[PDB]
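Protein chains: 2
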Amino acid sequence: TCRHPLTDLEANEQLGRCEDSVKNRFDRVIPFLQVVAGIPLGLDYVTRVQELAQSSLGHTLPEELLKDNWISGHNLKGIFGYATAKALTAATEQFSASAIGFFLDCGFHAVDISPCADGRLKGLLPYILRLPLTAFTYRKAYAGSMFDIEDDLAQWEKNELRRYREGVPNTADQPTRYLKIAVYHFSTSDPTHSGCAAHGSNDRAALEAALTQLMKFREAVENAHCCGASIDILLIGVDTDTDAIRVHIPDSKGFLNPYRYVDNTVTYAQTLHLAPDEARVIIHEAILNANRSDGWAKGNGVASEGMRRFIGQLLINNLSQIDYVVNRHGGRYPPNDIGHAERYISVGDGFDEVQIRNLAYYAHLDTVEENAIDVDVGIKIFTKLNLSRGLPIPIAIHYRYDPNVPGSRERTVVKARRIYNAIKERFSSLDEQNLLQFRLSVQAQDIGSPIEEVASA
Amino acid sequence: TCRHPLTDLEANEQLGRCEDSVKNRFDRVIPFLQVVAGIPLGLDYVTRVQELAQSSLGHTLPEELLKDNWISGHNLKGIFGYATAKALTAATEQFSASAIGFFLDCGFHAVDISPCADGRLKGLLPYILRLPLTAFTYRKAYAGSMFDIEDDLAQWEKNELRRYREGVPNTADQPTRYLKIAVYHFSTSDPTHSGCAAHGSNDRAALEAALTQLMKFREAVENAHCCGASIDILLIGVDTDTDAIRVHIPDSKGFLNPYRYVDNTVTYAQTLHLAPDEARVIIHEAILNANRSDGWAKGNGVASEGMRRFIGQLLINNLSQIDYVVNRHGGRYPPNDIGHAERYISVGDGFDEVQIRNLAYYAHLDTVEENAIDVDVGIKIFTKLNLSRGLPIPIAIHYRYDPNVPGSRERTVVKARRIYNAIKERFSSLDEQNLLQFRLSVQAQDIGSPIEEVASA
Ligand SMILES: [Zn+2]
Ligand SMILES: [Zn+2]
Numbered sequence: 048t049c050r051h052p053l054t055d056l057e058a059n060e061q062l063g064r065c066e067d068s069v070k071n072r073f074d075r076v077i078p079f080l081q082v083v084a085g086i087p088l089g090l091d092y093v094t095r096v097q098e099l100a101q102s103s104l105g106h107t108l109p110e111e112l113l114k115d116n117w118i119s120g121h122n123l124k125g126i127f128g129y130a131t132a133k134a135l136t137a138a139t140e141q142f143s154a155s156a157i158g159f160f161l162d163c164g165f166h167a168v169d170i171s172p173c174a175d176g177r178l179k180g181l182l183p184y185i186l187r188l189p190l191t192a193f194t195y196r197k198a199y200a201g202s203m204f205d206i207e208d209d210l211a212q213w214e215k216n217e218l219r220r221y222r223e224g225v226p227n228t229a230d231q232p233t234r235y236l237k238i239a240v241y242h243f244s245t246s247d248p249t250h251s252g253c254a255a256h257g258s259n260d261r262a263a264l265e266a267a268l269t270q271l272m273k274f275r276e277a278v279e280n281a282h283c284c285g286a287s288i289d290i291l292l293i294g295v296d297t298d299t300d301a302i303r304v305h306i307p308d309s310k311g312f313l314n315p316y317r318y319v320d321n322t323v324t325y326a327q328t329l330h331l332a333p334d335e336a337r338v339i340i341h342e343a344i345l346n347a348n349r350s351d352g353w354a355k356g357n358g359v360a361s362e363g364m365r366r367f368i369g370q371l372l373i374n375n376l377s378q379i380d381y382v383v384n385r386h387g388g389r390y391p392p393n394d395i396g397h398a399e400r401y402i403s404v405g406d407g408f409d410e411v412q413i414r415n416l417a418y419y420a421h422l423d424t425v426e427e428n429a430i431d432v433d434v435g436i437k438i439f440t441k442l443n444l445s446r447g448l449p450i451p452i453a454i455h456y457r458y459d460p461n462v463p464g465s466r467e468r469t470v471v472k473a474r475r476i477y478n479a480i481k482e483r484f485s486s487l488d489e490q491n492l493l494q495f496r497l498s499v500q501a502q503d504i505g506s507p508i509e510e511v512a513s514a
Numbered sequence: 048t049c050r051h052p053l054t055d056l057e058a059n060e061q062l063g064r065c066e067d068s069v070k071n072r073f074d075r076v077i078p079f080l081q082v083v084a085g086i087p088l089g090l091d092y093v094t095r096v097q098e099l100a101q102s103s104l105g106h107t108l109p110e111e112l113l114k115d116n117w118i119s120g121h122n123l124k125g126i127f128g129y130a131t132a133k134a135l136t137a138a139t140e141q142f143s154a155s156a157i158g159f160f161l162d163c164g165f166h167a168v169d170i171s172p173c174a175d176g177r178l179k180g181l182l183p184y185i186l187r188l189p190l191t192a193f194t195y196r197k198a199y200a201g202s203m204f205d206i207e208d209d210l211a212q213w214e215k216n217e218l219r220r221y222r223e224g225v226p227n228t229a230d231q232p233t234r235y236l237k238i239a240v241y242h243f244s245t246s247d248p249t250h251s252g253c254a255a256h257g258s259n260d261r262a263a264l265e266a267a268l269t270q271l272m273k274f275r276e277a278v279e280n281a282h283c284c285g286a287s288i289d290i291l292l293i294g295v296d297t298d299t300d301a302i303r304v305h306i307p308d309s310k311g312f313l314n315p316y317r318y319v320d321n322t323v324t325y326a327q328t329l330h331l332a333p334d335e336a337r338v339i340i341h342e343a344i345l346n347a348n349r350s351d352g353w354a355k356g357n358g359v360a361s362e363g364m365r366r367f368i369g370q371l372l373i374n375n376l377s378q379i380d381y382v383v384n385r386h387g388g389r390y391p392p393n394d395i396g397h398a399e400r401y402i403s404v405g406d407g408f409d410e411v412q413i414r415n416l417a418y419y420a421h422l423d424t425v426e427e428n429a430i431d432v433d434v435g436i437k438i439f440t441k442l443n444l445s446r447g448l449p450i451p452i453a454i455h456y457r458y459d460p461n462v463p464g465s466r467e468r469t470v471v472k473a474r475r476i477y478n479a480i481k482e483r484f485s486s487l488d489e490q491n492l493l494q495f496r497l498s499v500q501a502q503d504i505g506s507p508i509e510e511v512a513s514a
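Keeping their order, the protein sequence lines are chains A and A'. A prime marks a further copy of an entry chain. The first sequence lines up with residues 48 to 143, 154 to 514 when you count with the deposited numbering. The second sequence lines up with residues 48 to 143, 154 to 514 when you count with the deposited numbering.
Next up, the structure:
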């Protein structure tokens, strides 16, 4: 078990430290609750619980959570909800140009990544791809990578208008394109149970669904606008057991083949014992041989220089993540980490500060009526994850708003409260048992904006 | 009672003929139902009902509506729903460049009108303003003229991108602007009961709400984009009793004063006995005196030539509608026509083919969860309008889709069925009594596209 020459050691250590700290903050709540349940409800109950909470979780608890526990029993569910919300707040607060130039040199003025809403793909940008979130990098996760065409088209139009009017990334005459990346996931160890649940854990079904959505988006962009407007499409598959990516190389015209791809597992295997420059040569030629391969991978021409450079950089970055997983877990995630191990249900736009693998179940929705199935899937997952142990389900309803648009924050807060009430009236049996805990938050759309808590009522 | 020299007589006759035909098609159903209720449920019930329907409504009825009526009683509610749907279909089927040049000469490359969702404002474009619906004219009605800023901003961005890329209306360097018109309504005879129900029938409240929304949209456009991007705003008030408009004249910088306006009632009064050219001179100077007036109407500078020409054309067009109302109803709508007299509830994008005053109650919504209050208001209105007489409430769920975007039609049909089910589960008491009848339809976003019925399940 040696180290790859291209591994980013200090970045790996930093990422591991952040992951460990956040997961520990979320996980230490349960032992504290178990200790609390053994404290008699005497006259010293409140003081003892408060000092124990200060010693364990680093914060105290509101007296309303403990004031009437002597007559109403231990308020373990309320303490759990409060502690989970505090852990999420602490994680976000603790988290809180070169990428644009690199994208421009590769021939793109904007990169749009649409991975699956699976929790195992949450850390796709900071861990698997090592791509920072910039003003021109977007991450819109959907269930089964089934991203919506209309909003992507609107984003494309907005970016093109910005290029035409101000040329913020670059002037409109530059021959750069809009890059849309679709990410599917699969499990090598358990293909039939640990795959994409949106497609019945069928690897090829997820692959073809993502490819079809990419093709539909490209054709919609072509149809909606004239003068030969077009976009570039990229397809990436992630093995959730080893966090290794296979990138489907487009041909000269940009079409993607489900069989023409570069797999980073064999690349890591065959570049382990070489030297940095030689490994870079290896991946540079390997992209070419994969793109020029025949048979089922028959492709017309070869991909552009920018495409190949971008894919090579992606593979080099993913090598560090493969090495990170090998170091931390001996080459494969533990059996508990292979499946669902989420700590809370994220509803709305999600958090850009806690992009950690298998931390939360994300349900991209603006209305419960439109995407109820995501909420039901999350509740079903947490029924086994949490309700089996008797713990309540924590739900963070987070939304982003644009401060430039007048009245946007109030509308966003109203939307958050509406979502909270809709999730309340559904699963009303779980509500009556206090098995659902909520926290509502809003944030400005700018990167690094503070997160503001809002009252549930 | 003489005729205004500027009245468009043949256009008035044509409009009156269409209004009469559509309203008669909708209204003749009830007498037919009353005749049907007197037919004994013998062996000749089906044949007699079918021949009566052919003689009266011009179409037959499905046998399933009448096959089991002998044991289940008269199916008057089902026949009512079917006949109302057929009447709407007949009206739409019967309904089924110069404007762009006129807009360009006035300095606008796109006109966006956002009237109140009141049924009395339904015929605002073809009757009150005489403005045809073109590829660059949009009509987005909202309750209380409370139009949404985000979609308007998206439409502005799309239009500007089209100008920059292809210059379909005109090239981007042309000094034209995007024109946004907000229309509020008021009642002269019954100000406190027949005003804007979204603002408690308060005229000044509706005026200031519309003005505030226009100002918010202008400031949002200014903030979201640099290089001094801006839009033009116009405010119009409509007296639903006489269909007369007062247009608030902007000053040199485009700001609007709630007190600086030209009223078309006094204009019609003072131009009745003059000649066409003299009347045109009168309205041309009247715009100037109103815009230069002082006191509460103090404004900085005078409006541009294009603005004044557009407002003058609007007033000249509205003169014909004032004359039309004077001819048909003796100067004021009948007391039954002053209030609510709608025939069905339109849910979704509405119909561009039946723009007739007080024909339908429109509820602009994509989700019942988001805009439930519109549905409740419509149900409350039709409880007095229809449920008092024992008739069911007819609801047309209509939506528009873009054929260019792949999979758009299927998504739209799914959305229509979802809306239908959501309205079904709400007001379930009305559903169980068969007091809600539905028809679901989709249409391509292009003007003049056919309307396609879809099954409720
Ligand atoms: Zn998935
Ligand atoms: Zn109104």
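Cβ coordinates follow ideal geometry from the N, Cα and C atoms, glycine included.
Beta carbon of residue i nearer than 7 Å to that of residue j
i                  : j                  : result
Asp-334 (chain A)  : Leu-190 (chain A)  : no
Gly-363 (chain A)  : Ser-309 (chain A)  : no
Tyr-456 (chain A)  : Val-499 (chain A)  : yes
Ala-277 (chain A)  : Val-93 (chain A')  : no
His-397 (chain A') : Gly-369 (chain A') : no
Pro-451 (chain A)  : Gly-180 (chain A)  : no
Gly-311 (chain A)  : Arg-303 (chain A)  : no
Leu-236 (chain A)  : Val-319 (chain A)  : no
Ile-86 (chain A)   : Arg-95 (chain A)   : yes
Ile-339 (chain A') : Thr-322 (chain A') : no
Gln-490 (chain A') : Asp-459 (chain A') : no
Helix, strand or coil at residue i [DSSP, three-state]
i                     : result
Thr-54 (chain A')     : coil
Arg-187 (chain A')    : coil
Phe-193 (chain A')    : coil
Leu-291 (chain A)     : strand
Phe-312 (chain A)     : coil
residue 153 (chain A) : Between 143 and 154, chain A has no modelled residues, and residue 153 (chain A) is one of the positions in that gap.
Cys-65 (chain A)      : helix
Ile-450 (chain A)     : strand
Where residue i meets chain A, residues with beta-carbon distance less than 9 Å
i                  : result
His-282 (chain A') : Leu-218, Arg-219, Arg-222, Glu-223
Bridge partners - residue i, DSSP secondary structure assignment
i                  : result
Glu-510 (chain A') : A':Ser-498
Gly-405 (chain A') : A':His-455
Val-168 (chain A') : A':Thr-194, A':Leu-236
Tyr-241 (chain A') : A':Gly-294
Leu-178 (chain A)  : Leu-178 (chain A) pairs with nothing; no bridge assigned.
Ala-417 (chain A') : A':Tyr-401
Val-425 (chain A') : Per DSSP, none; premise fails for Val-425 (chain A').
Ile-77 (chain A')  : BP columns for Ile-77 (chain A') are empty, so no partner.
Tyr-318 (chain A') : A':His-305
Contacts that residue i makes with chain A (C-beta to C-beta distance below 8 Å)
i                  : result
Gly-464 (chain A') : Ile-206, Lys-273
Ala-479 (chain A') : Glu-426
Contacts of residue i in chain A' (Cβ-Cβ under 9 Å)
i                 : result
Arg-475 (chain A) : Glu-426, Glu-427
7 Å Cβ cut-off: residues of chain A' touching residue i
i                 : result
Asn-461 (chain A) : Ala-277, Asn-280, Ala-281
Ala-211 (chain A) : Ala-211
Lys-215 (chain A) : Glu-214
query: Any contact of the stretch 439-451 of chain A with the stretch 61-74 of chain A', i.e. 3+ C-beta pairs under 8 Å?
result: Proximity of the stretch 439-451 of chain A to the stretch 61-74 of chain A' falls short of the contact definition, fewer than three beta-carbon pairs being nearer than 8 Å.
- prompt: With contact counted as at least three CB pairs below 8 Å, one residue from each stretch, are the stretch 430-437 of chain A' and the stretch 420-439 of chain A in contact?
  reply: Contact fails: fewer than three Cβ-Cβ distances are below 8 Å.
Could you tell me whether the stretch 158-177 of chain A touches the stretch 413-425 of chain A, using the rule of 3 or more Cβ pairs below 8 Å? Yes, since at least three Cβ pairs between the stretch 158-177 of chain A and the stretch 413-425 of chain A fall closer than 8 Å, the two stretches touch.
* Indicate whether the contact test is met: 3 or more Cβ pairs, each with one atom in the stretch 74-83 of chain A' and one in the stretch 118-126 of chain A', closer than 8 Å. => Cβ pair count under 8 Å is three or more, so yes.
Checklist entry - Counting pairs of Cβ atoms below 8 Å between the stretch 219-230 of chain A and the stretch 208-226 of chain A', do you hit three or more? => result Contact between the stretch 219-230 of chain A and the stretch 208-226 of chain A' is present, because at least three Cβ pairs lie under 8 Å.
Within 8 Å, do at least three Cβ pairs link the stretch 368-386 of chain A to the stretch 99-109 of chain A? Touching, no.
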